[PDB]
Structure formats: C-alpha cells, structure tokens
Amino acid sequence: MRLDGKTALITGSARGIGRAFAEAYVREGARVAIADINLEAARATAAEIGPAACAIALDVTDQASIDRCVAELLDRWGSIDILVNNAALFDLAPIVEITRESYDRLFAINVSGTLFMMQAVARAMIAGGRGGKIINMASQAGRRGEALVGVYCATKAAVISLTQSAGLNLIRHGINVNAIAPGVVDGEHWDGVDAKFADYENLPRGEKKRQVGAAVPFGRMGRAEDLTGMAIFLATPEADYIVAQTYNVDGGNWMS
C-alpha cells in the first residue's frame, strides 16, 4: 500500500502502458480515473479493474473537455493527488515528407495536451493547499533527434522542457513535477511501425523490430512492467526531493 488513500488521474489509460500504471496504482491502494477519448473502452477497462477505478471521457486537445474532467473528479474525490500525462500519439516520416496534419496532431496531443492538463490540475492542487505529484511521459525520442521521427521527437523534447519549467515553478506550492523516459516498448503498434521502416530503409519485413530489440543493452525490448516501479516511486514521499527531472527507464538505450 505505497499509494494508500490517494487519487490518480491517468490520461490515455484505456490501453497500453497507461492501463498498466492504473492497475499498478490500484494495487498500491489508490483510486484511479481511467480517462480516454473513447468512453466505451474507458468504462470497459475501469470495470475490468474494479471498484477502485472509474471511467471518464477526456479530449486533452479540448479545453472544455479538460475543465469538465477536472471539475467532475474534484466532486467525486474532493482532490486529485496524482496526475500522469500518458496520452500520446506516434508517427514517422522524413523531413521532406512531413505533413501539416502529422505536425498539427502530434503537437496538439503530446505537447498541448500535457501542458494544459498540467495547468488544469496544478490550479486545483494549489487551491487544495496540500501539494501533489505530476508525472509526465517523455521518451528516449525526446533526448536526441532521429532521421525519420522528427515530429514525434520534437514533441517529446518539448515535454522534457515543460517538465523542467513546471517543476521549478510549481515546487514552491509543494507540487513535484518529473517525467519518465521509456526506451523501446513492445506493443502491437510495432507491426506497422516495422513496416514503415522496412519500406523507408529497404529492410526485410520484421528486421527493424529485431535490430531494435537486440540493440538494447539490457538485451530485450521494454515491457510495461519495467515502468510501473518508477511510476509508483515518483509518487511517494521518498521522492519529495526529486524536482524537474526526467528519468530514463530504457534498459540502457540512452544514458542521462
């Protein structure tokens, strides 16, 4: 019970890593909110997790949806103790092929979504008068640029920047802001991603995903379970002195 009697809002937690954190958080005695743009999947996951989880519709790109979300949880819980900006989108393409739609969309969700979601919750925490914890999800992509991932990389670099700015600015109110930077995490999305690289680099279908996983010092592609420990640690008082940091949990993929 490392998170006993605490409330956590996790964005884009209907599936993937977001769901993992939710399950882990609940296991530690915390009440979580499965926020997602599709209320169907949200309710499904929330019901699958138990009485400790509840669903709620959220479009991080829409201010109205953001203010509704926060106000509703405030009445159901009385206070939001932890916020995990997990909602994000991925895409890839060389410089000369980047489209305005790719740019517009990734920045709207990855950057804009994280920022205003932070602002909404931070304003509540300040009012609450008892601080809180905010964890952003960066990525190794945000540490260094890549030839075919310009747009995605740039959004993650921005997240790291915002974590530092928010961190220094909000710590005075007792709010810790830090981020976690995963490396290469397995998931179904790798089917198409691999196809993309295979086509962009003249590589056999499936070679890319193989190369990537073998290049990880640890010796394998990431897993959600590799991240939950840190997700929990940063939310405990044993981390009260950790401010505006981005911790890499990537099996050695990148060293910071």
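Counting begins at 1, following the sequence as shown.
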Quiz item: So 206 to 214 or 222 to 230, which one's hotter by mean CA B-factor in the entry?
Solution: 206 to 214
Quiz item: Comparing 178 to 186 with 92 to 100, where is the mean C-alpha B-factor higher?
Solution: 178 to 186
Self-check item: Selection from 74, 160, 149, 117 [criterion: highest C-alpha temperature factor in the record]
Solution: 74
Exercise. Place residue 143 in the lowest, middle or highest third of its chain's C-alpha B-factors, as listed in the PDB entry.
Key: lowest
Quiz item: residue 1's Cα B-factor: lowest, middle or highest third of the chain?
Solution: highest
Exercise. Please place residue 132 in the lowest, middle or highest third of its chain by C-alpha B factor as given in the entry.
Key: middle
